[PDB]
Amino acid sequence: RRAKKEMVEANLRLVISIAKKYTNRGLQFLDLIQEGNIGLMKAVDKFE
DNA sequence: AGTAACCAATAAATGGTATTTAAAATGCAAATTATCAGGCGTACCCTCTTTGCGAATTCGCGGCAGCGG
Numbered sequence: 373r374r375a376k377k378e379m380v381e382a383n384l385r386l387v388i389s390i391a392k393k394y395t396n397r398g399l400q401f402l403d404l405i406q407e408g409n410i411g412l413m414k415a416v417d418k419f420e
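Here the deposited numbering = 1-based position in the first sequence + 372.
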């Protein structure tokens, strides 16, 4: 657990970029960001 | 080119009380097809950056605030 936190906290900027590419008047910025963070947690789980 | 209402008679005058008839039709609940609605996955590399620009030169008033003897 304490290992995965490090990658998750490292790649938040990546999430920000991908999200802002979709922000143009959808839900709201922060909702997109948080949903992307869910996705990032999934990806960290699946990466080899 | 013929009177009767005499007293029986005849069943026809009804519109009313029902267990039937089974055929129909009318509904009823299954089988059995189509199609819709969810979940998962994607391996070159990409890393705070977008915003609101201002419910828009109001104004007058009040009061709850920080500095200050």
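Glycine included, C-beta positions come from ideal geometry on N, C-alpha and C.
For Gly-408, the nearest candidate out of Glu-378, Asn-383 and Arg-373 (CA to CA)
Minimum Cα distance to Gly-408 is reached at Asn-383.
What does the alpha-carbon distance come out to for the pair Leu-402 and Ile-410?
13 Å
Tell me whether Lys-393 sits in a helix, a strand or coil according to DSSP, three-state version.
coil
Under a three-way DSSP split, which group does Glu-407 fall into?
DSSP places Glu-407 within a helical segment (H, G or I) once states are collapsed to three.
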